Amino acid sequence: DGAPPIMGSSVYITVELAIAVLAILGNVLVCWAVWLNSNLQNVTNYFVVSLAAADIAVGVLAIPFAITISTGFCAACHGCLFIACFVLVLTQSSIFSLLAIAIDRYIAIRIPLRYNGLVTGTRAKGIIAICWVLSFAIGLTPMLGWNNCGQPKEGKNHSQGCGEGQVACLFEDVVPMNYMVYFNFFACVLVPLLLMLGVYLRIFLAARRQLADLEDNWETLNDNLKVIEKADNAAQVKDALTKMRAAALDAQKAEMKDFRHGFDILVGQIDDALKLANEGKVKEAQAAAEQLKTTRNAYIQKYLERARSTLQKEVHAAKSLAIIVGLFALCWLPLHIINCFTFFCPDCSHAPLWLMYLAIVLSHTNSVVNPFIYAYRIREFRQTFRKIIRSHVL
């Protein structure tokens, strides 16, 4: 018999509405930017748009649902369940989109030549539709019978004065905690998050290995070259030539590219120097191999810098997207962890109400943050945001 509940409720409702406004506005901007700019119309950003659509729905539907269910109003139990569980559909859809983005970037760095033929917009669209259907089936599974509708709180249902077939609509009274912990958290949230962690680990390892190979081929080119100018035997020169030749066509594997001309001059100049070396013409081999360094300084170095900056851009982009996964875990793990304490420690007092609603608010603010990550970390998004804001506002 303490403070009137409407005072704490007013703070919670006001905060939730403030979050809904920001989740809608920022994510509308993301969709608008992708619609407007053809540089943003790729497969990766179709999952970004699906993720933005889920976050718009958090503000338009899930947050009004959250406000409604906090009152504990009388409702038919299956109507209560849909109000209580709809946010899990949107959260599961976010998981699928984040997982698809990770696999997309993994395919792009592991087999870039085959990427465009394997990962197409038509297949992406079908993957998205399937993930939304599965998200409804996973998120609304309690409506299929795994619920507490058969064991109502009669004390609460008579206090509130509910009618026949009605319950006081409270989350922890209608949704069983073993579904929430075992099915939703462990299987549907925690396992995909660990998979995303593993995929991103593989992305960074593949990039580090591909940059290391590039550097080893480059040093192999210049080491064997320095050995050429120092040798005094015909076969000693031919040995540094054959090892320079393998590294040559090795780096070649890493019609609108004038780069094959650079590698054909290089490999042809090596073979010329090889034929001299086999004929004992040492000094001719050493002089014919000395013109390699201008072919290197006019073609090979230009292509090994361009391949390096492309890999660095893929690493920077993959880090930007991994931040999105980290902030998702940050905002949703407290609620899951609180549920674990409620479920696994019956000797523990229940987490207090103010902490419950702080964790609910925290999970909702995740629907606000992604547009900020795009604006700060991805230039093409930031510049498109700027144009939209300047033009279609001021």
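Here, rigid core means the biggest group of C-alpha atoms that superpose within 1.5 Å across both forms. Numbering starts at 1 and runs along the sequence shown.
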Any chance you could tell me whether 258-266 or 310-318 drifts more in 8 other deposited structures of this protein, judged by RMS CA distance from this form after superposing on the core? 258-266
I'd like the number of residues from the deposited sequence that lie between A254 and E255 yet are not in the model, binned as none, 1 to 3, 4 to 9, or 10 or more. 10 or more
Between the two ranges 151-159 and 315-323, the one averaging a larger CA B factor in the entry: 151-159
Averaging the C-alpha B factors as listed in the entry, name the stretch that ends up higher: 378-386 or 19-27. 378-386
Among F186, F73, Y179, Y303, where is the Cα temperature factor highest, going by the PDB entry? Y303
Of the residues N217, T120, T141, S93, the one whose Cα carries the largest B-factor in the deposited record is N217
Temperature factor at the Cα of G198, chain-ranked in thirds, falls in the middle
Third of chain Cα B-factors occupied by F263: highest
Mind checking which third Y115 falls in for C-alpha B-factor across the chain? middle
Using the B-factors in the PDB entry, rank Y106's C-alpha atom against the chain and give the third, lowest, middle or highest. middle
Ordered by C-alpha B-factor within the chain, which third holds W132? Give me lowest, middle or highest, please. middle
